[PDB]
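Report on the structure given below.
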Amino acid sequence: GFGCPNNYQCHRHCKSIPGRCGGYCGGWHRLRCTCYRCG
């Protein structure tokens, strides 16, 4: 989902999410987009 395991599509989803900076496809069969909070 969220354009996985594509890094560009997964990163685009993390960018639209508020309180984040980047992300990656991993968690559920490399299909979930895991984004981290920007420091």
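All residue names refer to the structure tokens as shown: chains lettered A, B, ... in order, residues numbered from 1 in each chain, ligands numbered from 1 in order.
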Checklist entry - Counting only C-alpha atoms, what is within 12 Å of residue 26 (chain A), bar same-chain residues fewer than 2 positions away, as a PyMOL selection string? => result chain A and resi 1-7+10-11+23-24+28-35
Residues from last step as file, N, CA, C and O atoms, as a PDB file, in the first residue's frame:
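Result went into selection-v1.pdb, see below:
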ATOM      1  N   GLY A   1       0.855  -1.225   0.000  1.00  0.00           N
ATOM      2  CA  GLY A   1       0.000   0.000   0.000  1.00  0.00           C
ATOM      3  C   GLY A   1       0.878   1.258   0.000  1.00  0.00           C
ATOM      4  O   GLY A   1       2.085   1.185   0.146  1.00  0.00           O
ATOM      5  N   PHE A   2       0.268   2.412  -0.161  1.00  0.00           N
ATOM      6  CA  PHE A   2       1.037   3.703  -0.173  1.00  0.00           C
ATOM      7  C   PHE A   2       2.133   3.662  -1.256  1.00  0.00           C
ATOM      8  O   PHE A   2       3.174   4.284  -1.123  1.00  0.00           O
ATOM      9  N   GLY A   3       1.901   2.937  -2.327  1.00  0.00           N
ATOM     10  CA  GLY A   3       2.914   2.848  -3.420  1.00  0.00           C
ATOM     11  C   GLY A   3       4.139   2.062  -2.937  1.00  0.00           C
ATOM     12  O   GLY A   3       5.258   2.520  -3.049  1.00  0.00           O
ATOM     13  N   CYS A   4       3.933   0.879  -2.405  1.00  0.00           N
ATOM     14  CA  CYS A   4       5.082   0.054  -1.919  1.00  0.00           C
ATOM     15  C   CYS A   4       5.306  -1.124  -2.881  1.00  0.00           C
ATOM     16  O   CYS A   4       4.396  -1.518  -3.589  1.00  0.00           O
ATOM     17  N   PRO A   5       6.513  -1.659  -2.880  1.00  0.00           N
ATOM     18  CA  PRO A   5       7.627  -1.186  -2.022  1.00  0.00           C
ATOM     19  C   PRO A   5       8.352   0.037  -2.629  1.00  0.00           C
ATOM     20  O   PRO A   5       9.488   0.313  -2.283  1.00  0.00           O
ATOM     21  N   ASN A   6       7.715   0.767  -3.522  1.00  0.00           N
ATOM     22  CA  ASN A   6       8.373   1.965  -4.143  1.00  0.00           C
ATOM     23  C   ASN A   6       8.823   2.949  -3.052  1.00  0.00           C
ATOM     24  O   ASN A   6       8.072   3.283  -2.151  1.00  0.00           O
ATOM     25  N   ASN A   7      10.049   3.412  -3.133  1.00  0.00           N
ATOM     26  CA  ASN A   7      10.576   4.374  -2.112  1.00  0.00           C
ATOM     27  C   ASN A   7      10.033   5.782  -2.391  1.00  0.00           C
ATOM     28  O   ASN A   7       9.725   6.524  -1.477  1.00  0.00           O
ATOM     29  N   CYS A  10       6.292   5.789  -1.432  1.00  0.00           N
ATOM     30  CA  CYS A  10       6.215   5.638   0.054  1.00  0.00           C
ATOM     31  C   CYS A  10       6.693   6.933   0.717  1.00  0.00           C
ATOM     32  O   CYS A  10       6.109   7.400   1.679  1.00  0.00           O
ATOM     33  N   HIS A  11       7.748   7.518   0.195  1.00  0.00           N
ATOM     34  CA  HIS A  11       8.273   8.789   0.771  1.00  0.00           C
ATOM     35  C   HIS A  11       7.244   9.908   0.559  1.00  0.00           C
ATOM     36  O   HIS A  11       7.056  10.754   1.413  1.00  0.00           O
ATOM     37  N   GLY A  23      10.260   8.311   4.923  1.00  0.00           N
ATOM     38  CA  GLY A  23       9.722   6.978   5.335  1.00  0.00           C
ATOM     39  C   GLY A  23      10.231   5.879   4.397  1.00  0.00           C
ATOM     40  O   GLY A  23      11.018   6.121   3.497  1.00  0.00           O
ATOM     41  N   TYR A  24       9.782   4.665   4.613  1.00  0.00           N
ATOM     42  CA  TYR A  24      10.222   3.521   3.755  1.00  0.00           C
ATOM     43  C   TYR A  24       9.154   2.415   3.770  1.00  0.00           C
ATOM     44  O   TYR A  24       8.300   2.373   4.638  1.00  0.00           O
ATOM     45  N   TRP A  28       4.702  -4.788   6.923  1.00  0.00           N
ATOM     46  CA  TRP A  28       3.790  -5.885   6.478  1.00  0.00           C
ATOM     47  C   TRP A  28       4.160  -6.303   5.049  1.00  0.00           C
ATOM     48  O   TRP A  28       3.705  -5.718   4.081  1.00  0.00           O
ATOM     49  N   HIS A  29       4.985  -7.320   4.922  1.00  0.00           N
ATOM     50  CA  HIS A  29       5.406  -7.813   3.570  1.00  0.00           C
ATOM     51  C   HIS A  29       6.055  -6.674   2.767  1.00  0.00           C
ATOM     52  O   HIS A  29       5.941  -6.617   1.554  1.00  0.00           O
ATOM     53  N   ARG A  30       6.736  -5.770   3.440  1.00  0.00           N
ATOM     54  CA  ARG A  30       7.397  -4.621   2.737  1.00  0.00           C
ATOM     55  C   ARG A  30       6.343  -3.815   1.951  1.00  0.00           C
ATOM     56  O   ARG A  30       6.644  -3.190   0.948  1.00  0.00           O
ATOM     57  N   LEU A  31       5.109  -3.829   2.403  1.00  0.00           N
ATOM     58  CA  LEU A  31       4.030  -3.075   1.694  1.00  0.00           C
ATOM     59  C   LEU A  31       3.522  -1.917   2.569  1.00  0.00           C
ATOM     60  O   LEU A  31       2.863  -1.015   2.081  1.00  0.00           O
ATOM     61  N   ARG A  32       3.821  -1.928   3.852  1.00  0.00           N
ATOM     62  CA  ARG A  32       3.358  -0.825   4.748  1.00  0.00           C
ATOM     63  C   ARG A  32       4.371   0.323   4.699  1.00  0.00           C
ATOM     64  O   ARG A  32       5.567   0.103   4.650  1.00  0.00           O
ATOM     65  N   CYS A  33       3.900   1.549   4.713  1.00  0.00           N
ATOM     66  CA  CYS A  33       4.832   2.716   4.668  1.00  0.00           C
ATOM     67  C   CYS A  33       5.155   3.174   6.094  1.00  0.00           C
ATOM     68  O   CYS A  33       4.307   3.704   6.794  1.00  0.00           O
ATOM     69  N   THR A  34       6.376   2.974   6.524  1.00  0.00           N
ATOM     70  CA  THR A  34       6.776   3.393   7.899  1.00  0.00           C
ATOM     71  C   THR A  34       7.490   4.750   7.825  1.00  0.00           C
ATOM     72  O   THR A  34       8.584   4.863   7.297  1.00  0.00           O
ATOM     73  N   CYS A  35       6.867   5.780   8.346  1.00  0.00           N
ATOM     74  CA  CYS A  35       7.482   7.145   8.315  1.00  0.00           C
ATOM     75  C   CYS A  35       7.993   7.516   9.712  1.00  0.00           C
ATOM     76  O   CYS A  35       7.459   7.074  10.714  1.00  0.00           O
TER      77      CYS A  35
END
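Residues with any atom within 9 Å of residue 21 (chain A), counting only C-alpha atoms and excluding same-chain neighbours fewer than 6 positions away, are residues 11, 14, 15, 35, 36, 37, 38 and 39 of chain A.
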Put those residues in a file: N, CA, C and O atoms, as a compact mmCIF listing (two decimals), in the first residue's frame.
# COMPACT_ATOMS: atom_id res chain seq x y z
N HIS A 11 7.75 7.52 0.20
CA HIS A 11 8.27 8.79 0.77
C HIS A 11 7.24 9.91 0.56
O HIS A 11 7.06 10.75 1.41
N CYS A 14 4.64 9.75 3.29
CA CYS A 14 5.18 10.26 4.59
C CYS A 14 5.26 11.79 4.56
O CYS A 14 5.07 12.45 5.56
N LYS A 15 5.55 12.36 3.40
CA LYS A 15 5.64 13.85 3.28
C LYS A 15 4.27 14.49 3.53
O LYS A 15 4.16 15.48 4.22
N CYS A 35 6.87 5.78 8.35
CA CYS A 35 7.48 7.14 8.32
C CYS A 35 7.99 7.52 9.71
O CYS A 35 7.46 7.07 10.71
N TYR A 36 9.02 8.33 9.78
CA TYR A 36 9.57 8.74 11.12
C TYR A 36 9.36 10.24 11.34
O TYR A 36 9.31 11.02 10.40
N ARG A 37 9.24 10.65 12.58
CA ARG A 37 9.03 12.10 12.89
C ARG A 37 10.30 12.89 12.56
O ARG A 37 11.41 12.43 12.77
N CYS A 38 10.14 14.08 12.05
CA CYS A 38 11.32 14.93 11.70
C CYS A 38 11.84 15.64 12.95
O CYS A 38 11.08 16.25 13.69
N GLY A 39 13.12 15.57 13.19
CA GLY A 39 13.71 16.24 14.40
C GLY A 39 14.15 17.66 14.03
O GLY A 39 13.31 18.54 14.03
Next on the checklist: DSSP on the backbone: which residues in chain A end up as alpha helix (DSSP H)? Give the answer as an MDAnalysis selection string.
Outcome noted: chainID A and resid 7:16
Item to check | Those of chain A in DSSP strand (DSSP E), formatted as a ChimeraX atom specification | outcome: /A:22-25,33-36
